[PDB]
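A short worksheet on the structure shown next.
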Amino acid sequence: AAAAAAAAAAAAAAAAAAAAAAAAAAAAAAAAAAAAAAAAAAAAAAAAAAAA
Amino acid sequence: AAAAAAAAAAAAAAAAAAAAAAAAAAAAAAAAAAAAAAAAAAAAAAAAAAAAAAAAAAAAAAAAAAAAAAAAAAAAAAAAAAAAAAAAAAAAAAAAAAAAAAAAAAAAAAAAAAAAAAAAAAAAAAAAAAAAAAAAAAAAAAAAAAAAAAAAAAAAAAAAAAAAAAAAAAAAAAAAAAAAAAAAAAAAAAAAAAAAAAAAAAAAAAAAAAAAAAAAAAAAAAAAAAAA
Amino acid sequence: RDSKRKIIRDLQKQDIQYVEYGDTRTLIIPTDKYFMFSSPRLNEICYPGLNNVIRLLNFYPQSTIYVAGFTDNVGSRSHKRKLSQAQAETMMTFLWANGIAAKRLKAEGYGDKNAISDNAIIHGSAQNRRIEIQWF
Amino acid sequence: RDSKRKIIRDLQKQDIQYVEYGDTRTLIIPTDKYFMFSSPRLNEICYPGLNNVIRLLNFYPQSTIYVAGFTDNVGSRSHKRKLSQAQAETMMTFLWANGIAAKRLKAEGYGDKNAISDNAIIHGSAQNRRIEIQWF
Amino acid sequence: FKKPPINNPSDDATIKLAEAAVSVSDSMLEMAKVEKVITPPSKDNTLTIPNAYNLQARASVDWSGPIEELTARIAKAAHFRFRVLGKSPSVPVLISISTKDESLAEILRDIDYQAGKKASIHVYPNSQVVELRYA
Amino acid sequence: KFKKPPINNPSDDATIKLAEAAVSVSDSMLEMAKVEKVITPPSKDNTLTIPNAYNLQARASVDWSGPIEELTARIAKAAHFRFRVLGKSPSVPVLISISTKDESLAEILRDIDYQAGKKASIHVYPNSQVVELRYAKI
Amino acid sequence: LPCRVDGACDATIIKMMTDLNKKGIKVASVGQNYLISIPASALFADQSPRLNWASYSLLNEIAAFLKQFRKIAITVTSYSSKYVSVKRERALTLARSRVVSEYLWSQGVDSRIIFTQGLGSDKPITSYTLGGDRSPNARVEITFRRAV
Amino acid sequence: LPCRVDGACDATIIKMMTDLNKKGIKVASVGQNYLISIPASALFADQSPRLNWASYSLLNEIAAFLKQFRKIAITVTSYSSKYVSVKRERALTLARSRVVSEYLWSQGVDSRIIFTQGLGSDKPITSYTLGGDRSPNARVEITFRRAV
């Protein structure tokens, strides 16, 4: 239940509140995850966080 | 005084009177719907310059871009704005959905304001004595002046933050690169450790960095961020 | 006894430089005695320099404020930049929290890239470790 | 002269510690002078410490009583446990037989597993050999 | 009222000595960050704790010597069978554990560690067998 | 009246020449860490093999110069983690010397792990409560 | 020559120990485990991780008392009464203890470790729960063991 | 024997520095960067590259102040307010600074380089633009770094 952006690998997420970053090179566009408010978009392939 | 139709009205600076229960879905381009009671609108519109005002019993669900928002008594909105927002409330409740850029927000009453996406550049939020703002996507310079006995909760990942709480306020901030905090008899909760943090506490004032211990990888306070 | 010449005379006494320069006015604050060591924690025992510098810049309530941080030759260039940036940034928050409106202020860190003395000598590098405060 | 400050002052005089700690109150009784040697036989010559500790805990007639026994590093762990258990258990019977109701009391033996000093030094191990008396 | 710190670099040369100390000690730590070869615990090769109730007995052993005799004796102390697969070389695989009370599966863990790759230990706990493999 | 800003204490020439040796020691040190971290990239942390925990998020403040055993036993004792070692300790002591300021016990053990490079390693298992210290196999 | 006293005297130890117990900072002395217990009224402001300026004098004979012993690890742990939640409370007491240990190794300890931590009224010494930092539960405690 | 003073004393340095600040030639002293700032009223005639005869006394304690330091490169740069154009202005300020550096290496500097240049009000120290050489923007500045 995310909301990706069209740029290089940014995605907001509305489980509670997130604006995290993907990689967009392995292309894990599953659109199905357990998004949490501890910076963890745990998708079907791997896990994504607010990158820094 | 209902008005519920899907057409092209498209030119209406409509300052309606009381009991104007307009659940319209028309293509209102040059729109300013300053209704005074009983609005129950569930539209799919496009406005792009809306300086909307809403008085009591205004439940709305719209996919149109606005420019200004005003609340008077009590409301429940669900709007998808796009470009800019000058918002002010009075004892009401409001929710917004899409990516907005709220430059200034002044809440001097009991305002339950929520925005599911705020992608702005300099969000100045001034709060006075009763409100509850919960706005969280990504700012670039947040200035939260809570002069207030009120609450400003945030998971807004701001790049620079400047939060001053004046008299038993409660502000929950999250700073990416720059954290600036002043508290006075109040509480400022830092939910993310910034790249450079600085917090000053006045009399009976608490700038407690209340991050969740046992994260997956909680980054420790480095040599540039270890303040007392 | 509550004025400009009094407060600049005792900032000479607690060893902070001031320069009058046309419209540009600049305080040079030593980080070595106004910060605890290699940290952005302010040297809390030296509060009357901090109250006296903020008592000085109540006198100029419309000027934009440049604040900038400086180190010397030690450490990595990243450590120079982040330490100078952290100390300038927390002096900027000190002025903001002692009551200057936040869009007057500008914090910026130089890893000794302006370098008012040479770093090859001890007392000269002590002079290089500083905060400049400019305004108009 | 019949009160709390008098009886704690002379338990200082016959060398039993007391701590006031919130609600928790704890007597530290040396087994080396209040027990005959390596035995659960009470040192019968030191009766006025025993009368004075029971005279002290008539003052708290509703608190549950934890009593625990301690040794030092010598002997087998079984000998540590059974000797500390035997000495704590017979101090528990002393308080029960001097008139505390038996479901207030709790005897338990630690083979120096709390260890308020190190056992590597003589006077420290002398401090480790003790009975703690806690109540609320 | 406050004091400054007692050993504080309040002095124009000792500040330079101490910020040199900060720069050498952090740069030593990133030298350690680049040379510190680890392996992740996904691929650590060492034994687990095999969590059977007979293995969580609390034991005590003082020994240096050849691996098969301890793990034979930890098996009959654990009431387990002891299998050996492989061939012991005539230079023996030598361990040493001197612990005075600890847990019995953890013994079998630092025998597997002190063996390294000269030998290895498996525990099958449903069968109640430990085994020692050579290479 | 004219005054330059930093009027510090009187230093002596002992610490003056110690300082201006120490900065070139630090300079040579940082460029060696530069060439080394560019010639092999560090692929991997040690935060996966020492992961953090609630009741490892207590903080500590350490100066220490002795062997690793007593220090890691004291960290695990005040972490309420049971402490073990794997592997026998070598006859030469693996000596660490931690002198750092207000960091949490998990980064204390990460820096202890780093300063005992290729001689020991700290592992922390946080669904259990155990800090272990593994010696090298040489 | 070797030194007789190590920068300390036993008369000064018991002089500070009587003076700290007269000012209400209670020094327990069990074996070689030393406890000094400080009410959080006597140091900080209420529900804040911030020192008062006068309370560094209280920290002055705390630190000059901690001069006198040979010690290996001081642990400083703080806990107060309930204010909002246990999560806000444990953040408060962790910041509380880390601030007072930052001042204590700014000052003179000859300790090798100060461990420092805070708890969420998880260990309260009385059942009487009057208020905020005026509670006698609301306290920091500095415990160590005097080495040899 | 080696020399203690190098033809200079620190009492004379601050004596000239007070006297130059009393006559309005402002000496800034930052690190070892020294700045003496001279208004162009106090040396030249207005909009001219020509010294007045009395202003070489002002250049006398400028040069005797520049005796006192070990220096490598003095740079002297001049700029005034707008008169006709920036091209005429930059020719004026280049001739202005090269005339005052010709007199300064006629006099005693122990500098190895004097760089000398002029600008066209490109760096003005106030926004108040009263006139010609009576402007406080209209100035020459002599900046150097004192070596060791």
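Between copies, how far does the label point of H:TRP53 sit from its twins, in nm, shortest first, when each point is 7 Å from Cα along Cα→Cβ?
Counterpart label points of H:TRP53 in the remaining copies fall at 6.4 nm.
Treating the point 7 Å from Cα along Cα-beta-carbon as the label, what are the nm separations from H:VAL84 to the other copies, to one decimal?
7.2
Assuming a strict under-22 Å limit between Cα atoms, what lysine pair count do you get for region G:5-121 once near-sequence pairs (fewer than 8 apart, same chain) are dropped? Intermediate results must be reported in sequence, preceding the final value.
Details: G:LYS15/G:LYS23; G:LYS15/G:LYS26; G:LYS15/G:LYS67; G:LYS15/G:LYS71; G:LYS22/G:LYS67; G:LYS23/G:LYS67; G:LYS26/G:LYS67; G:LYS26/G:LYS71.
Final tally of qualifying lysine pairs is 8.
Among DSSP bridges having both ends in the protein assembly as shown, what percentage is antiparallel? Round to the nearest 5. List each step's numbers first, then the result.
Numbers: 113 of 221 bridges.
Looking only at bridges with both residues in the protein assembly as shown, the antiparallel portion is about 50 percent.
Suppose every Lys and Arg Cβ carries +1 and every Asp and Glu Cβ carries -1, with no other charges. What dipole size does region H:41-148 come out with about its Cα centre, to the nearest 20 debye?
Numbers: 16 positive and 8 negative charges, 58 e Å.
Roughly 280 debye for region H:41-148.
Along each of its three principal axes, how wide is the spread of alpha-carbon positions in the protein assembly as shown, in whole angstrom units, largest first?
Over the protein assembly as shown, Cα extents along the principal axes are 113, 107, 83 Å.
Express the Stokes-Einstein translational diffusion coefficient of chain H in µm² s⁻¹, to the nearest whole number, given a Kirkwood radius over alpha-carbon pairs, 4 °C and a viscosity of 1.567 mPa s.
82 µm²/s
Run through the other copies and list how far each one's label point is from that of D:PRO61, in nm with one decimal, shortest first; the point sits 7 Å from Cα along Cα-Cβ.
Spacings between copies for this position, smallest first, are 7.2 nm.
Within chain H, what percent of beta bridges assigned by DSSP are antiparallel, to the nearest 5?
On the way: 19 of 26 bridges.
Once the DSSP bridges in chain H are tallied, antiparallel ones form about 75 percent.
Which residue, H:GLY31, H:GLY131, H:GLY120, tops the fluctuation ranking in a GNM of chain H built on C-alpha contacts under 10 Å?
H:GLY31
Share of antiparallel DSSP beta bridges in region F:14-138, in percent to the nearest 5?
Working: 11 of 16 bridges.
About 70 percent, rounded to the nearest 5.
Suppose we flag chymotrypsin sites (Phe, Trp or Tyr not before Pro) only when DSSP calls them loop and at most 15 other Cβ atoms lie within 10 Å. Which is the longest uninterrupted stretch of chain E? Don't skip to the end; give the middle numbers.
Details: sites that count: E:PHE1, E:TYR53.
No qualifying site falls inside E:54-135, the longest such stretch.
Summing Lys, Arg as +1 and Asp, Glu as -1, what charge do residues with Cβ under 14 Å from the Cβ of G:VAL86 carry, G:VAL86 excluded? All intermediate terms of the calculation are to be shown ahead of the outcome.
Values: positive: G:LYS82, G:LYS87, G:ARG88, G:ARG90, G:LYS123; negative: G:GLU89, G:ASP122.
With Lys, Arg at +1 and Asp, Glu at -1, the neighbours total +3.
Roughly how big is the protein assembly as shown's charge dipole about its Cα centre, with Cβ charges of +1 (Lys, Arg) and -1 (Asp, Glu), in debye to the nearest 20?
Working: 118 positive and 80 negative charges, 249 e Å.
In total the dipole reaches around 1200 debye.
Helix-only mean residue ellipticity at 222 nm, chain G, DSSP H runs n ≥ 4 weighted -39,500 (n - 2.57), per residue, nearest 500. What is it?
-10000 deg cm²/dmol
What angle do you read, to the nearest 10 degrees and between 0 and 90, between the alpha-carbon axis of helix H:86-106 and the longest principal axis of chain H?
Relative to chain H, helix H:86-106 is tipped by roughly 20 degrees.
Going by the rotation axis that takes chain D to chain C, pick out the residue of D with the closest C-beta and quote the gap in whole Å.
D:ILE122, 110
Using Cα springs under 10 Å in a Gaussian network model of chain H, which residue among H:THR116, H:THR18, H:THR93 shows the largest mean-square fluctuation?
Per the Cα network of chain H with a 10 Å cutoff, H:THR18 tops the list.
For a 23 Å ceiling on Cα separation, which of these pairs sit above it: D:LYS113/E:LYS100; D:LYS6/G:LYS123; D:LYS113/E:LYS76? Before the final figure, lay out the partial values.
Working: D:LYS113/E:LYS100 15 Å; D:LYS6/G:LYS123 31 Å; D:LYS113/E:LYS76 30 Å.
Pairs exceeding 23 Å: D:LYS6/G:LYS123; D:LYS113/E:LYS76.
For a footprinting-style exposure proxy, rank D:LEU11, F:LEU18 by other Cβ within 10 Å, fewest first. Mind showing how you got there, number by number?
On the way: D:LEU11 20, F:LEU18 16.
Ranking D:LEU11, F:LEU18 by Cβ neighbours within 10 Å, fewest first, gives F:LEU18, D:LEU11.
Farthest toward the dipole's positive end in the protein assembly as shown, which of G:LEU66, G:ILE14, F:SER104, given Cβ charges of +1 (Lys, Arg) and -1 (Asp, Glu) about the Cα centre?
The residue sitting farthest along the positive end of the dipole is G:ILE14.
Would you mind computing, in nm to one decimal, how far apart the modelled labels at A:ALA49 and E:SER60 are, each placed 7 Å from Cα along Cα→Cβ?
Going by the 7 Å Cα→Cβ label model, 4.4 nm.
With the alpha-carbon atoms as the only input, what is the per residue convex hull volume for chain E in Å³? Each step should come with its number before you reach the end.
Numbers: hull volume 31.1 nm³, N = 135.
In chain E, the Cα convex hull volume per residue is 230 Å³.
Please work out the C-alpha center-to-center distance from region A:26-46 to region B:20-64 and express it in whole Å.
36 Å
Pairing the Cα long axis of helix E:104-115 with the longest principal axis of chain E, what angle in degrees results, from 0 to 90 and rounded to the nearest 10?
80 degrees
So, in Å, what gap is there between the alpha-carbon centers of region B:151-202 and region E:72-135?
Comparing the Cα centres of region B:151-202 and region E:72-135, I get a distance of 56 Å.
Going by amide H atoms built from the backbone, whose H comes under 5 Å of the H on B:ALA42, apart from near neighbours?
Placed amide hydrogens put B:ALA61 under 5 Å from B:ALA42.
Between H and G, which H residue has the Cβ nearest their rotation axis, distance in Å?
Measuring from each Cβ to the axis, the minimum is at H:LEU1, 93.
Which one, G:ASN137, F:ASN52, F:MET29, projects farthest toward the positive side of the charge dipole computed for the protein assembly as shown from Cβ point charges (K/R +1, D/E -1)?
The residue sitting most towards the positive pole is G:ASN137.
Can you pull out the chymotrypsin sites (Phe, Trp or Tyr not before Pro) in region H:1-83 whose DSSP state is coil and whose Cβ has at most 14 other Cβ atoms within 10 Å?
The qualifying sites are H:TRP53.
GNM, chain E, Cα, under 10 Å: largest mean-square fluctuation among E:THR46, E:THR14, E:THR99?
Taking springs between Cα atoms under 10 Å, the residue moving most is E:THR14.
At most 15 other Cβ atoms within 10 Å and a DSSP loop assignment: could you name the chymotrypsin sites (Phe, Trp or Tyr not before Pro) in region C:1-105 that fit? Intermediate results must be reported in sequence, preceding the final value.
Numbers: sites: C:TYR18, C:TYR21, C:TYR34, C:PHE35, C:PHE37, C:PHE59, C:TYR66, C:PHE70, C:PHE94, C:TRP96; in loops: C:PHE37, C:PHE59.
Loop-located and lightly packed - C:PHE59.
Treat the count of other C-beta atoms within 10 Å as a stand-in for reagent exposure and order H:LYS22, G:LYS87, H:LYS67 from fewest to most. Before the final figure, lay out the partial values.
On the way: H:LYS22 8, G:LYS87 14, H:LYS67 17.
Exposure proxy ranking, most exposed first: H:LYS22, G:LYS87, H:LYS67.
Normalising by the residue count of chain B, find the relative contact order in percent from Cα pairs under 8 Å and 6+ residues apart. All intermediate terms of the calculation are to be shown ahead of the outcome.
On the way: 789 pairs, mean separation 18.7, N = 228.
It rounds to 8 percent for chain B.
With charges only on Cβ, +1 for K and R and -1 for D and E, what is the dipole size of region D:41-136 about its Cα centre, in debye, rounded to 20? Write down the numbers at each step before the final one.
On the way: 12 positive and 7 negative charges, 50 e Å.
Result for region D:41-136 is approximately 240 debye, rounded to the nearest 20.
Going through region F:1-107, which chymotrypsin sites (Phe, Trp or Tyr not before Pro) have at most 15 other Cβ atoms within 10 Å and a DSSP loop state?
Details: sites: F:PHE2, F:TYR54, F:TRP64, F:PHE81, F:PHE83; in loops: F:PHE2, F:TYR54, F:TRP64, F:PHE81.
Listed in order of number, the matching sites are F:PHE2, F:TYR54.
With ideal geometry, Cβ positions are generated from the backbone for all residues, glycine too; neighbour counts draw on all protein chains shown. Coordinate-derived values only; no laboratory data.
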